[PDB]
file query.json (JSON, C-alpha atoms)
[["chain", "number", "residue", "atom", "x", "y", "z"],
["T", 1, "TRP", "CA", 64.20, 36.30, 12.31],
["T", 2, "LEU", "CA", 60.86, 34.55, 11.76],
["T", 3, "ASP", "CA", 59.17, 37.11, 14.02],
["T", 4, "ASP", "CA", 60.89, 39.87, 12.05],
["T", 5, "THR", "CA", 59.80, 38.48, 8.68],
["T", 6, "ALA", "CA", 56.23, 37.57, 9.67],
["T", 7, "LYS", "CA", 54.18, 40.45, 11.08],
["T", 8, "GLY", "CA", 51.92, 38.01, 12.89],
["T", 9, "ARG", "CA", 50.91, 36.24, 9.68],
["T", 10, "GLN", "CA", 49.61, 32.68, 9.85],
["T", 11, "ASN", "CA", 51.68, 31.38, 6.92],
["T", 12, "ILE", "CA", 54.72, 32.44, 4.91],
["T", 13, "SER", "CA", 55.65, 31.49, 1.38],
["T", 14, "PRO", "CA", 58.97, 29.58, 1.64],
["T", 15, "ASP", "CA", 60.63, 32.04, -0.75],
["T", 16, "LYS", "CA", 60.12, 34.81, 1.84],
["T", 17, "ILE", "CA", 61.86, 32.88, 4.65],
["T", 18, "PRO", "CA", 65.21, 34.59, 5.40],
["T", 19, "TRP", "CA", 67.28, 31.63, 4.21],
["T", 20, "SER", "CA", 70.36, 33.73, 3.45],
["T", 21, "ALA", "CA", 70.13, 35.48, 6.82],
["T", 22, "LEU", "CA", 69.79, 32.20, 8.72],
["T", 23, "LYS", "CA", 72.59, 30.52, 6.76],
["T", 24, "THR", "CA", 75.06, 33.41, 7.09],
["T", 25, "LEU", "CA", 74.32, 34.03, 10.77],
["T", 26, "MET", "CA", 74.54, 30.34, 11.67],
["T", 27, "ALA", "CA", 77.72, 29.77, 9.63],
["T", 28, "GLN", "CA", 79.50, 32.87, 10.97],
["T", 29, "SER", "CA", 78.27, 33.49, 14.53],
["T", 30, "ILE", "CA", 76.72, 30.46, 16.25],
["T", 31, "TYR", "CA", 78.24, 27.30, 14.82],
["T", 32, "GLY", "CA", 81.02, 29.00, 12.85],
["T", 33, "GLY", "CA", 82.40, 30.87, 15.84],
["T", 34, "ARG", "CA", 83.99, 27.70, 17.20],
["T", 35, "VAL", "CA", 85.19, 26.65, 13.73],
["T", 36, "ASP", "CA", 88.96, 27.00, 13.30],
["T", 37, "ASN", "CA", 89.93, 25.55, 9.92],
["T", 38, "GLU", "CA", 88.86, 26.99, 6.58],
["T", 39, "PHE", "CA", 88.00, 23.45, 5.46],
["T", 40, "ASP", "CA", 85.74, 22.97, 8.48],
["T", 41, "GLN", "CA", 84.12, 26.31, 7.65],
["T", 42, "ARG", "CA", 83.64, 25.13, 4.06],
["T", 43, "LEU", "CA", 82.05, 21.89, 5.27],
["T", 44, "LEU", "CA", 79.69, 23.81, 7.57],
["T", 45, "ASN", "CA", 78.78, 26.15, 4.70],
["T", 46, "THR", "CA", 78.11, 23.15, 2.44],
["T", 47, "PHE", "CA", 75.86, 21.56, 5.06],
["T", 48, "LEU", "CA", 73.91, 24.78, 5.58],
["T", 49, "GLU", "CA", 73.53, 25.43, 1.84],
["T", 50, "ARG", "CA", 72.33, 21.87, 1.24],
["T", 51, "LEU", "CA", 69.91, 21.75, 4.18],
["T", 52, "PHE", "CA", 68.44, 25.27, 4.41],
["T", 53, "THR", "CA", 66.83, 25.49, 0.97],
["T", 54, "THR", "CA", 64.63, 22.35, 0.58],
["T", 55, "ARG", "CA", 63.70, 23.75, -2.86],
["T", 56, "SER", "CA", 61.57, 26.18, -0.83],
["T", 57, "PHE", "CA", 59.77, 23.52, 1.25],
["T", 58, "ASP", "CA", 59.14, 21.27, -1.75],
["T", 59, "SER", "CA", 58.04, 17.69, -1.24],
["T", 60, "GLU", "CA", 60.28, 14.66, -1.90],
["T", 61, "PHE", "CA", 63.31, 16.51, -0.54],
["T", 62, "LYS", "CA", 66.34, 14.29, 0.00],
["T", 63, "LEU", "CA", 67.83, 14.74, 3.47],
["T", 64, "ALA", "CA", 70.55, 12.11, 2.99],
["T", 65, "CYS", "CA", 71.31, 8.73, 1.39],
["T", 66, "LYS", "CA", 71.31, 5.84, 3.87],
["T", 67, "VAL", "CA", 72.70, 3.18, 1.50],
["T", 68, "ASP", "CA", 74.30, 3.80, -1.89],
["T", 69, "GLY", "CA", 72.10, 1.07, -3.35],
["T", 70, "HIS", "CA", 68.46, 2.21, -3.52],
["T", 71, "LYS", "CA", 67.97, 3.86, -0.13],
["T", 72, "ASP", "CA", 67.24, 7.50, 0.71],
["T", 73, "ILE", "CA", 66.07, 9.31, 3.84],
["T", 74, "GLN", "CA", 63.35, 11.43, 2.27],
["T", 75, "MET", "CA", 61.99, 14.52, 3.97],
["T", 76, "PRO", "CA", 58.76, 13.99, 5.95],
["T", 77, "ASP", "CA", 55.67, 15.71, 4.58],
["T", 78, "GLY", "CA", 54.27, 16.63, 7.99],
["T", 79, "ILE", "CA", 53.46, 20.17, 9.07],
["T", 80, "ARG", "CA", 53.05, 19.74, 12.82],
["T", 81, "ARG", "CA", 55.51, 19.04, 15.62],
["T", 82, "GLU", "CA", 53.66, 15.84, 16.52],
["T", 83, "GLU", "CA", 53.94, 14.61, 12.92],
["T", 84, "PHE", "CA", 57.65, 15.46, 12.86],
["T", 85, "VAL", "CA", 58.40, 13.67, 16.14],
["T", 86, "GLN", "CA", 56.35, 10.69, 14.93],
["T", 87, "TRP", "CA", 58.50, 10.59, 11.79],
["T", 88, "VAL", "CA", 61.61, 10.81, 13.98],
["T", 89, "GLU", "CA", 60.44, 7.86, 16.09],
["T", 90, "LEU", "CA", 59.89, 5.89, 12.86],
["T", 91, "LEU", "CA", 63.61, 5.90, 11.99],
["T", 92, "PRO", "CA", 65.14, 2.40, 11.84],
["T", 93, "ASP", "CA", 67.41, 1.25, 14.64],
["T", 94, "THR", "CA", 70.37, 0.59, 12.34],
["T", 95, "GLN", "CA", 72.34, 3.71, 11.42],
["T", 96, "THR", "CA", 75.23, 3.81, 8.99],
["T", 97, "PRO", "CA", 77.73, 6.70, 8.82],
["T", 98, "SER", "CA", 76.29, 7.42, 5.36],
["T", 99, "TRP", "CA", 73.44, 9.11, 7.25],
["T", 100, "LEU", "CA", 76.00, 11.80, 8.13],
["T", 101, "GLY", "CA", 77.46, 12.04, 4.63],
["T", 102, "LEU", "CA", 80.52, 10.09, 5.77],
["T", 103, "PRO", "CA", 81.68, 6.91, 4.00],
["T", 104, "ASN", "CA", 80.23, 3.67, 5.33],
["T", 105, "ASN", "CA", 83.70, 2.30, 6.14],
["T", 106, "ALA", "CA", 84.46, 5.04, 8.68],
["M", 1, "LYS", "CA", 101.31, 32.35, -12.95],
["M", 2, "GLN", "CA", 97.70, 31.40, -13.71],
["M", 3, "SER", "CA", 84.79, 21.46, -12.00],
["M", 4, "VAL", "CA", 87.71, 21.62, -9.56],
["M", 5, "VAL", "CA", 88.12, 20.78, -5.89],
["M", 6, "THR", "CA", 90.57, 21.98, -3.24],
["M", 7, "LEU", "CA", 91.99, 19.35, -0.91],
["M", 8, "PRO", "CA", 94.17, 19.88, 2.18],
["M", 9, "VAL", "CA", 97.54, 18.24, 2.75],
["M", 10, "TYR", "CA", 98.25, 17.12, 6.31],
["M", 11, "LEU", "CA", 101.47, 16.02, 7.97],
["M", 12, "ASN", "CA", 99.88, 12.98, 9.64],
["M", 13, "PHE", "CA", 96.59, 11.15, 10.14],
["M", 14, "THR", "CA", 95.53, 13.53, 12.94],
["M", 15, "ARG", "CA", 94.78, 16.26, 10.34],
["M", 16, "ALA", "CA", 96.16, 18.87, 12.75],
["M", 17, "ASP", "CA", 99.09, 20.17, 10.65],
["M", 18, "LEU", "CA", 97.94, 21.66, 7.35],
["M", 19, "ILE", "CA", 100.77, 22.00, 4.84],
["M", 20, "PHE", "CA", 99.27, 23.39, 1.63],
["M", 21, "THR", "CA", 96.16, 23.22, -0.54],
["M", 22, "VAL", "CA", 95.98, 21.23, -3.79],
["M", 23, "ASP", "CA", 93.58, 21.95, -6.66],
["M", 24, "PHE", "CA", 92.65, 18.67, -8.34],
["M", 25, "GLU", "CA", 90.06, 17.93, -11.04],
["M", 26, "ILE", "CA", 86.74, 16.16, -10.56],
["M", 27, "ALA", "CA", 85.29, 13.42, -12.75],
["M", 28, "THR", "CA", 82.13, 13.86, -14.81],
["M", 29, "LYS", "CA", 79.65, 12.03, -12.57],
["M", 30, "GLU", "CA", 80.99, 13.13, -9.18],
["M", 31, "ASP", "CA", 79.98, 16.08, -6.99],
["M", 32, "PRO", "CA", 82.08, 18.66, -5.09],
["M", 33, "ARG", "CA", 79.56, 18.81, -2.23],
["M", 34, "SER", "CA", 79.87, 15.04, -1.77],
["M", 35, "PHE", "CA", 83.65, 15.41, -1.94],
["M", 36, "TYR", "CA", 83.55, 18.01, 0.84],
["M", 37, "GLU", "CA", 81.06, 16.06, 2.97],
["M", 38, "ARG", "CA", 83.01, 12.79, 2.78],
["M", 39, "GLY", "CA", 86.11, 14.43, 4.26],
["M", 40, "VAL", "CA", 88.43, 13.78, 1.32],
["M", 41, "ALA", "CA", 91.96, 14.96, 2.10],
["M", 42, "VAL", "CA", 95.61, 14.21, 1.30],
["M", 43, "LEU", "CA", 98.11, 12.93, 3.87],
["M", 44, "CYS", "CA", 101.89, 12.80, 3.98],
["M", 45, "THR", "CA", 102.53, 9.82, 6.30],
["M", 46, "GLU", "CA", 100.24, 6.81, 6.67]]
call {"tool": "encode", "arguments": {"input": "query.json", "output": "structure tokens"}}
result
Amino acid sequence: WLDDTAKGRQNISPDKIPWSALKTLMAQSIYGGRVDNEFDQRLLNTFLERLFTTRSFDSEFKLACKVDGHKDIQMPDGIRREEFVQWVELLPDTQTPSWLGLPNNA
Amino acid sequence: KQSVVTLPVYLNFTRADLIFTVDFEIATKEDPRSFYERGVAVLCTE
């Protein structure tokens, strides 16, 4: 879909990214094909709608909330794969289930 | 005959036997997306 949208262009405005196409196709064909329950489908749709907008690649995007008290996993501002993997390697060793959106007592 | 959230009702803790859907009401400061992501549901035996 990125090759379809971009005719070899170097950059795309984030509004022109096929967000609806990616969300619908991923929620109905790839990850939603295995999904049985309507509630599981609703949860997958909620995850895709929350994650695949980013306010059109805006900065200070909130990926999750690590701790309810003053802790957020903000979106990295990198552009390159090396920057993204360096941000990934920076993640702290401790992980709570609130990273996943689940309650901490799970 | 005729925000809000829809929560499943399950026969047990396994969440494998859906009974029926219940339409509750949400508080002012809460969020339906957080309700859906936290896996809020209603059981029958626990």
call {"tool": "closest_residue", "arguments": {"input": "query.json", "among": "M:4, M:15, M:46, M:27", "to": "chain T", "atoms": "all atoms listed in the file"}}
result
M:15
call {"tool": "closest_atom_pairs", "arguments": {"input": "query.json", "of": "chain M", "to": "chain T", "cutoff": "12 Å", "atoms": "all atoms listed in the file", "output": "JSON lines"}}
result
{"residue": "M:5", "atom": "CA", "partner": "T:39", "partner_atom": "CA", "distance": 11.7}
{"residue": "M:6", "atom": "CA", "partner": "T:39", "partner_atom": "CA", "distance": 9.2}
{"residue": "M:7", "atom": "CA", "partner": "T:39", "partner_atom": "CA", "distance": 8.6}
{"residue": "M:8", "atom": "CA", "partner": "T:39", "partner_atom": "CA", "distance": 7.8}
{"residue": "M:9", "atom": "CA", "partner": "T:39", "partner_atom": "CA", "distance": 11.2}
{"residue": "M:15", "atom": "CA", "partner": "T:37", "partner_atom": "CA", "distance": 10.5}
{"residue": "M:16", "atom": "CA", "partner": "T:37", "partner_atom": "CA", "distance": 9.6}
{"residue": "M:17", "atom": "CA", "partner": "T:37", "partner_atom": "CA", "distance": 10.6}
{"residue": "M:18", "atom": "CA", "partner": "T:37", "partner_atom": "CA", "distance": 9.3}
{"residue": "M:20", "atom": "CA", "partner": "T:39", "partner_atom": "CA", "distance": 11.9}
{"residue": "M:21", "atom": "CA", "partner": "T:39", "partner_atom": "CA", "distance": 10.1}
{"residue": "M:31", "atom": "CA", "partner": "T:46", "partner_atom": "CA", "distance": 11.9}
{"residue": "M:32", "atom": "CA", "partner": "T:46", "partner_atom": "CA", "distance": 9.6}
{"residue": "M:33", "atom": "CA", "partner": "T:46", "partner_atom": "CA", "distance": 6.5}
{"residue": "M:34", "atom": "CA", "partner": "T:101", "partner_atom": "CA", "distance": 7.5}
{"residue": "M:35", "atom": "CA", "partner": "T:101", "partner_atom": "CA", "distance": 9.6}
{"residue": "M:36", "atom": "CA", "partner": "T:43", "partner_atom": "CA", "distance": 6.1}
{"residue": "M:37", "atom": "CA", "partner": "T:101", "partner_atom": "CA", "distance": 5.6}
{"residue": "M:38", "atom": "CA", "partner": "T:102", "partner_atom": "CA", "distance": 4.7}
{"residue": "M:39", "atom": "CA", "partner": "T:102", "partner_atom": "CA", "distance": 7.2}
{"residue": "M:40", "atom": "CA", "partner": "T:102", "partner_atom": "CA", "distance": 9.8}
{"residue": "M:41", "atom": "CA", "partner": "T:39", "partner_atom": "CA", "distance": 10.0}
call {"tool": "residues_around", "arguments": {"input": "query.json", "residues": "segment 4-14 of chain T", "least_positions_apart": "3", "cutoff": "9 Å", "atoms": "only C-alpha atoms", "output": "ChimeraX atom specification"}}
result
/T:1,17-19,53,55-58
call {"tool": "atom_distance", "arguments": {"input": "query.json", "atom1": "atom CA of residue 42 of chain M", "atom2": "atom CA of residue 64 of chain T"}}
result
25.2 Å
call {"tool": "atom_distance", "arguments": {"input": "query.json", "atom1": "atom CA of residue 74 of chain T", "atom2": "atom CA of residue 59 of chain T"}}
result
8.9 Å
call {"tool": "residues_around", "arguments": {"input": "query.json", "residues": "residue 71 of chain T", "least_positions_apart": "6", "cutoff": "12 Å", "atoms": "all atoms listed in the file", "output": "mmCIF file with C-alpha atoms, in the coordinates of the input"}}
result
data_model
loop_
_atom_site.group_PDB
_atom_site.id
_atom_site.type_symbol
_atom_site.label_atom_id
_atom_site.label_comp_id
_atom_site.auth_asym_id
_atom_site.auth_seq_id
_atom_site.Cartn_x
_atom_site.Cartn_y
_atom_site.Cartn_z
ATOM 1 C CA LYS T 62 66.340 14.290 0.000
ATOM 2 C CA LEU T 63 67.830 14.740 3.470
ATOM 3 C CA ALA T 64 70.550 12.110 2.990
ATOM 4 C CA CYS T 65 71.310 8.730 1.390
ATOM 5 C CA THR T 96 75.230 3.810 8.990
ATOM 6 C CA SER T 98 76.290 7.420 5.360
ATOM 7 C CA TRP T 99 73.440 9.110 7.250
#
call {"tool": "atom_distance", "arguments": {"input": "query.json", "atom1": "atom CA of residue 84 of chain T", "atom2": "atom CA of residue 15 of chain T"}}
result
21.7 Å
call {"tool": "axis_aligned_box", "arguments": {"input": "query.json", "around": "segment 15-25 of chain T", "padding_each_side": "3 Å", "output": "JSON"}}
result
{"center_x": 67.6, "center_y": 33.0, "center_z": 5.0, "size_x": 20.9, "size_y": 11.0, "size_z": 17.5}
call {"tool": "decode", "arguments": {"input": "query.json", "residues": "segment 33-58 of chain T", "atoms": "N, CA and C atoms", "output": "mmCIF file, in the first residue's frame"}}
result
data_model
loop_
_atom_site.group_PDB
_atom_site.id
_atom_site.type_symbol
_atom_site.label_atom_id
_atom_site.label_comp_id
_atom_site.auth_asym_id
_atom_site.auth_seq_id
_atom_site.Cartn_x
_atom_site.Cartn_y
_atom_site.Cartn_z
ATOM 1 N N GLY T 33 -8.676 -12.286 10.827
ATOM 2 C CA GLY T 33 -9.129 -13.563 10.305
ATOM 3 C C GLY T 33 -9.201 -14.632 11.376
ATOM 4 N N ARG T 34 -8.215 -14.661 12.268
ATOM 5 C CA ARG T 34 -8.208 -15.609 13.370
ATOM 6 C C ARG T 34 -9.178 -15.235 14.481
ATOM 7 N N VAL T 35 -9.663 -13.999 14.506
ATOM 8 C CA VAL T 35 -10.460 -13.506 15.624
ATOM 9 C C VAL T 35 -11.860 -14.097 15.550
ATOM 10 N N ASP T 36 -12.296 -14.711 16.648
ATOM 11 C CA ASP T 36 -13.599 -15.362 16.722
ATOM 12 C C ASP T 36 -14.658 -14.420 17.293
ATOM 13 N N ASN T 37 -14.447 -13.946 18.517
ATOM 14 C CA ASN T 37 -15.472 -13.205 19.235
ATOM 15 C C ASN T 37 -15.591 -11.773 18.733
ATOM 16 N N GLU T 38 -16.823 -11.258 18.774
ATOM 17 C CA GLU T 38 -17.061 -9.865 18.421
ATOM 18 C C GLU T 38 -16.354 -8.920 19.380
ATOM 19 N N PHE T 39 -16.208 -9.316 20.646
ATOM 20 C CA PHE T 39 -15.501 -8.471 21.602
ATOM 21 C C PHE T 39 -14.003 -8.451 21.323
ATOM 22 N N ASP T 40 -13.438 -9.586 20.907
ATOM 23 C CA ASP T 40 -12.042 -9.599 20.482
ATOM 24 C C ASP T 40 -11.846 -8.754 19.232
ATOM 25 N N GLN T 41 -12.802 -8.814 18.300
ATOM 26 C CA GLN T 41 -12.734 -7.961 17.117
ATOM 27 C C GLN T 41 -12.808 -6.487 17.496
ATOM 28 N N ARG T 42 -13.664 -6.150 18.464
ATOM 29 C CA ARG T 42 -13.767 -4.771 18.933
ATOM 30 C C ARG T 42 -12.473 -4.310 19.587
ATOM 31 N N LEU T 43 -11.839 -5.185 20.371
ATOM 32 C CA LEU T 43 -10.565 -4.839 20.995
ATOM 33 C C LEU T 43 -9.477 -4.620 19.950
ATOM 34 N N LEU T 44 -9.427 -5.480 18.931
ATOM 35 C CA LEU T 44 -8.453 -5.303 17.857
ATOM 36 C C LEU T 44 -8.699 -4.006 17.097
ATOM 37 N N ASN T 45 -9.970 -3.686 16.836
ATOM 38 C CA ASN T 45 -10.307 -2.434 16.169
ATOM 39 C C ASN T 45 -9.907 -1.231 17.012
ATOM 40 N N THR T 46 -10.120 -1.311 18.328
ATOM 41 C CA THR T 46 -9.721 -0.226 19.219
ATOM 42 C C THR T 46 -8.212 -0.034 19.208
ATOM 43 N N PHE T 47 -7.458 -1.135 19.250
ATOM 44 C CA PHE T 47 -6.002 -1.039 19.204
ATOM 45 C C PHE T 47 -5.528 -0.413 17.900
ATOM 46 N N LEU T 48 -6.101 -0.845 16.775
ATOM 47 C CA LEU T 48 -5.688 -0.304 15.484
ATOM 48 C C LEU T 48 -6.053 1.170 15.352
ATOM 49 N N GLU T 49 -7.245 1.553 15.813
ATOM 50 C CA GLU T 49 -7.663 2.948 15.729
ATOM 51 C C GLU T 49 -6.814 3.836 16.628
ATOM 52 N N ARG T 50 -6.399 3.321 17.787
ATOM 53 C CA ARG T 50 -5.563 4.120 18.674
ATOM 54 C C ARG T 50 -4.143 4.246 18.137
ATOM 55 N N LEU T 51 -3.611 3.180 17.538
ATOM 56 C CA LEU T 51 -2.195 3.159 17.194
ATOM 57 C C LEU T 51 -1.889 3.679 15.799
ATOM 58 N N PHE T 52 -2.806 3.542 14.845
ATOM 59 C CA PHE T 52 -2.507 3.852 13.448
ATOM 60 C C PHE T 52 -3.019 5.222 13.027
ATOM 61 N N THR T 53 -3.000 6.196 13.930
ATOM 62 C CA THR T 53 -3.240 7.588 13.571
ATOM 63 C C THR T 53 -2.075 8.488 13.947
ATOM 64 N N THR T 54 -1.603 8.399 15.198
ATOM 65 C CA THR T 54 -0.477 9.173 15.742
ATOM 66 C C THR T 54 -0.647 10.678 15.547
ATOM 67 N N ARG T 55 -1.897 11.134 15.420
ATOM 68 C CA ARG T 55 -2.220 12.513 15.045
ATOM 69 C C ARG T 55 -1.469 12.920 13.780
ATOM 70 N N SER T 56 -1.399 11.986 12.826
ATOM 71 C CA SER T 56 -0.632 12.129 11.585
ATOM 72 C C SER T 56 0.842 12.429 11.877
ATOM 73 N N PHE T 57 1.489 11.461 12.538
ATOM 74 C CA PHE T 57 2.929 11.481 12.832
ATOM 75 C C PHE T 57 3.338 12.687 13.673
ATOM 76 N N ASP T 58 2.446 13.152 14.542
ATOM 77 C CA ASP T 58 2.776 14.271 15.411
ATOM 78 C C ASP T 58 3.721 13.823 16.519
#
